[PDB]
Amino acid sequence: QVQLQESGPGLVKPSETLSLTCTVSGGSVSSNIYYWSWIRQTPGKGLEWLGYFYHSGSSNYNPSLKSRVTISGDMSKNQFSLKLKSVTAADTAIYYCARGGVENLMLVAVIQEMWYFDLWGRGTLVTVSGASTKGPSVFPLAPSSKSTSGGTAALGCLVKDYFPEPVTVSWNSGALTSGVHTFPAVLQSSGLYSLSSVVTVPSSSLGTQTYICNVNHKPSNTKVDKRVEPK
Amino acid sequence: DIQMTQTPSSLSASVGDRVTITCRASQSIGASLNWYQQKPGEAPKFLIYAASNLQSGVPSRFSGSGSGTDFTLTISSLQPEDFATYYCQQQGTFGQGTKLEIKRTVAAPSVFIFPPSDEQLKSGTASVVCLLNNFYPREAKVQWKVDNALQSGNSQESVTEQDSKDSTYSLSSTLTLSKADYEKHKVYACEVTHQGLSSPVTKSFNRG
Amino acid sequence: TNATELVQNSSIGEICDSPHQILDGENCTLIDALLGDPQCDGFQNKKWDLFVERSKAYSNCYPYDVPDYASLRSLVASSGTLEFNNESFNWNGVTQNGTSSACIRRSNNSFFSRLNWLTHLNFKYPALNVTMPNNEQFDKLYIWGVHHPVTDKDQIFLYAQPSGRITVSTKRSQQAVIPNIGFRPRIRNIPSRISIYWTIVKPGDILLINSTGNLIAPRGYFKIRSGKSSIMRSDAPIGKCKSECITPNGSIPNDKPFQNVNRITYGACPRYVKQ
Ligand SMILES: *[C@@H]1O[C@H](CO[C@@H]2O[C@@H](C)[C@@H](O)[C@@H](O)[C@@H]2O)[C@@H](O[C@@H]2O[C@H](CO)[C@@H](O[C@@H]3O[C@H](CO)[C@@H](O)[C@H](O[C@H]4O[C@H](CO)[C@@H](O)[C@H](O)[C@@H]4O)[C@@H]3O)[C@H](O)[C@H]2NC(C)=O)[C@H](O)[C@H]1NC(C)=O
Ligand SMILES: *[C@@H]1O[C@H](CO)[C@@H](O[C@@H]2O[C@H](CO)[C@@H](O[C@@H]3O[C@H](CO)[C@@H](O)[C@H](O)[C@@H]3O)[C@H](O)[C@H]2NC(C)=O)[C@H](O[C@@H]2O[C@@H](C)[C@@H](O)[C@@H](O)[C@@H]2O)[C@H]1NC(C)=O
Ligand SMILES: *[C@@H]1O[C@H](CO)[C@@H](O[C@@H]2O[C@H](CO)[C@@H](O[C@@H]3O[C@H](CO)[C@@H](O)[C@H](O)[C@@H]3O)[C@H](O)[C@H]2NC(C)=O)[C@H](O)[C@H]1NC(C)=O
Ligand SMILES: *[C@@H]1O[C@H](CO)[C@@H](O)[C@H](O)[C@H]1NC(C)=O
């Protein structure tokens, strides 16, 4: 199938130019029935269309963004890019690239302009802030009698004091997925994030199986592997 | 210029229920309205085009209807995997969204508590974590006690989003103290009140 | 003894079926009745002084668009007739009468009645060149189209040709169209599209059609003329009465010199003035 994937920095200082790039695999970015768009999402606004662009040079932008938006494409690379000038904290959002189009279809006795967005990327968090990145400390949440209710034991990792979001946590390099709950991060009074990732496992396997949590914080280029052992 | 109103903002419905979501435009828009479904951690999915046309990969229980100003999205028989936020869209404007929770039998949480690790303690901070696993409904009250003193202002919690198969939630609560405060007291406990619990459940440990 | 009022202010709310011959489109736009949407079969070869188009009208066939919609709508509306004259084109080497599940007629896969979906024959789609001479003394209107497949695989399976090309010419004009392969949103589960075009053939001129694929072919012609018939969008019901003047809000008496009901009128009418 055709797939979209956003790339770009996750932390941007205010007054800088935010830039993200979308790479399209398996599809002809060159076909003037499609336009190529960016949409951002914040809790407190939901989805906001930013603009779209046809490779033929045509483009259309949200007037709310006072012409700070520019979308351009390069077909040598099957890519198109968003550029958003003079960002402030209000531009902190999850950013999606999307494919769509415009159709002039008759229905309800009148021809009307229809837009749509049929293919989306996974989305990327962009934090606009003046604070500097910092990698997390990873502490074990060791299984004990106080975390064994019946035949089930709970263990995990506490991923503490990082900035900005996100971190990605896996268990045993992704070989352990059943029973895993990675909680959404809370922002503490220091301005740093903290989360926990736990997994419920059969208490019988505690002596036999090894449990490694793999924490990746790309904005600070930090990978931490931590083994959780019984107390 | 045109603004759309989505009602309701949120709702809960049981498996097998018929749910309808309404989007209303301030002006007539003919039939130029589309719907999207966004599951947690994912991008929106193209659901319905031009008010009533189902798109690829959309189950038959989804349908749409409407013309002019009033449009509805209908799920004929709700399923656990339909937990999502739904959005209407006309040209460059999206509705505010409708979050849809799956109603479910009451399920009491299993409660686990984790003392702070010795490594963290050496660096000067103590994080005590209480875990509430696989419960419904999501309303829960976690109270911390230190030597039988009710804590307040030194804890934070986050809840997972609704599980898409058993429709339960999980909650993590963290109590943070300085190392000095931690070792001045003995008993650390979380008291959990929940509709599935006839009485508040307490999990505690004793060192520090 | 009424005081003078020269402005007609009110309508009866309905459009009278006399003296002008009214054709109520109901669920069918004129274009859909022109192409031959199955729900519009009752409109074949009908005539009118005023065609009335309804807000509730809808399409129930293959999803399509019309690039110069207004001009085609106005061409047919002014002729006042849907009379279709079948012509036998020589479509040697291709499969005729393609059908689709998006266009059901009598519980069967079907297609626009006035259009001919040509596809390959034994995986060969020859370069078609057909002529139609127009020996009449009136203009001929030909409706045709271009099919936009959803993928290269679709294009190949339908036309045995990766790059379809269509040219429709007369001694006076030339129209060339290229299909655009790609995914559109599903309309009635169809992600493909058709674009509708038209050609006028004046008396003494010849229609020439070249295609190597993707041609939605005509079956004949419509007689066209810049007559006195017209078309109007209105949701007012058609009633039994006599009124020489017609507005989208309903029929109107034509005794006062002026009128403030609607800029759009048909028949012998008072002159419009604003509120
Ligand atoms: C002109 O068009 C109208 C409108 O058609 C309707 O709207 C369009 C936008 C489009 O979506 C059409 O597909 C749609 O039908 C016609 O009036 C409608 O006619 C249909 C049936 O012909 C009615 O559908 C029925 O509605 C009932 C509720 O009022 C419902 O209980 C029925 O369900 C049962 O029957 C169906 C078969 O019809 C069966 O499949 C079901 O499983 C169930 O047993 C059925 O849905 C609409 O209600 C009508 N709408 C209005 C406003 O009257 C009209 O017939 C047409 N005129 C002409 C001359 O063709
Ligand atoms: C002089 O002014 C009078 C008063 O406005 C006009 O008479 C009125 O004409 C209306 C035209 O429709 C009548 O309305 C109808 O009334 C009946 C009964 O109420 C309703 O059931 C029906 O649905 C209509 O609403 C109205 O009844 C009538 N009388 C009033 C208001 O007292 C008169 O118009 C002349 O008479 C009418 C009946 C028509 O024949 C007109 O063509 C005609 O001009 C005015 N006369 C002129 C010359 O302007
Ligand atoms: C594609 O479809 C068209 C129309 O659906 C077909 O044209 C039709 O062909 C039949 C037989 O060739 C014609 O039948 C005629 O019937 C009358 C009365 O029954 C009879 O008197 C005639 O002698 C003749 O048999 C029919 O008129 C004709 N219709 C039109 C509009 O031309 C066409 O043959 C189909 N092509 C293929 C390949 O199936
Ligand atoms: C159409 O076909 C005729 C057949 O002789 C040819 O002469 C003419 O050049 C063709 N025109 C186009 C535009 O392909």
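Lettering of chains follows the sequences in order, A, B, ..., and the numbering in each one begins at 1. Read the numbers this way: they start at 1 and go in the same order the structure lists the ligands and their atoms.
- Taking every non-hydrogen atom of C:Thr167 and a distance limit under 4.0 Å, the qualifying atoms of ligand 4 come out as 13 (C).
- Here C:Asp24 pairs with C:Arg54 in a salt bridge; the nearest charged N to carboxylate O distance falls below 4.0 Å.
- One finds no salt bridge joining C:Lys240 and C:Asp17 here, because no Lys/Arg side-chain nitrogen approaches an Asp/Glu carboxylate oxygen to under 4.0 Å.
- Looking at C:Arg105, its side chain does come within 3.5 Å of a backbone N or O of C:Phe111 through a donor-acceptor pair.
- Protein heavy atom nearest atom 38 (C) of ligand 3, with residue, atom name and distance: C:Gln96 CB, 4.2 Å.
- Per-atom contact check: atom 42 (O) of ligand 2 does not touch the protein, criterion being a heavy-atom distance below 4.0 Å.
- Protein heavy atoms all stay at least 4.0 Å away from atom 15 (C) of ligand 2.
- Under the 4.0 Å distance rule, the nearest protein heavy atom to atom 23 (O) of ligand 2 falls outside the cut-off.
- For atom 6 (C) of ligand 2, the nearest protein heavy atom (residue, atom name, distance) is C:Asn2 ND2, 4.3 Å.
- Ranked by closest heavy atom to atom 1 (C) of ligand 4, the top entry among C:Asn210, C:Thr131, C:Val168, C:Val130 is C:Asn210.
- The distance from the CG atom of C:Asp37 to the OG atom of C:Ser59 is 6.0 Å, given to the nearest 0.5 Å.
- Judged by the 6.0 Å and 45° rule, C:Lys202 forms no cation-pi pair with C:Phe138.
- Within the 4.0 Å cut-off (strictly below), a protein heavy atom is located near atom 11 (N) of ligand 4.
- In this structure, atom 29 (N) of ligand 3 has its sub-4.0 angstrom surroundings free of protein heavy atoms.
- Considering backbone and side-chain atoms together, C:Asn86 places no N or O closer than 3.5 Å to any N or O of ligand 3.
- Between B:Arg24 and B:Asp70 there is a salt bridge, since a side-chain N of the basic residue sits under 4.0 Å from a carboxylate O of the acidic one.
- Remark: atom 37 (C) of ligand 2 lies closer than 4.0 Å to no protein heavy atom.
- Between atom CZ of residue C:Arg73 and atom CG of residue C:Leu34 there is a gap of 12.5 Å, rounded to the nearest 0.5 Å.
- Here the protein heavy atom with the shortest distance to atom 4 (C) of ligand 3 is C:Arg219 NH1, 4.5 Å.
- For A:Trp36 and A:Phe53, the ring centers sit 6.0 Å or farther from each other.
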Residues C:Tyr142, C:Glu87; criterion side chain to side chain donor-acceptor pair (under 3.5 Å); working and verdict:
CA-CA 11 Å; C:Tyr142 283 95; C:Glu87 287 177 311; 2.4 Å; yes
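- For atom 45 (C) of ligand 2, a protein heavy-atom neighbour is found at a distance under 4.0 Å.
- Residues C:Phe258 and C:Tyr272 keep their aromatic ring centres 6.0 Å or farther apart.
- At a distance under 4.0 Å, no protein heavy atom can be found next to atom 34 (O) of ligand 3.
- Taking a distance limit of 4.0 Å, we find that atom 15 (C) of ligand 3 is approached by no protein heavy atom.
- Counting protein heavy atoms under 4.0 angstrom from atom 4 (C) of ligand 2 gives zero.
- For atom 10 (C) of ligand 3, the nearest protein heavy atom lies 4.0 Å away or farther.
- For atom 5 (O) of ligand 4, the nearest protein heavy atom (residue, atom name, distance) is C:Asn129 OD1, 4.7 Å.
- Against a heavy-atom cut-off of under 4.0 Å, C:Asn97 is close to the following atoms of ligand 3: 1 (C), 2 (O), 3 (C), 33 (C), 35 (C), 36 (N), 37 (C), 39 (O).
- There is a protein heavy atom closer than 4.0 angstrom to atom 14 (O) of ligand 4.
- No salt bridge links C:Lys56 with C:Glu26; every basic N to acidic carboxylate O contact stays at or beyond 4.0 Å.
- Taking the six-membered ring where the residue is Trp, B:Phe46 and B:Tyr49 present perpendicular rings, their angle passing 60° and hence far from 30°.
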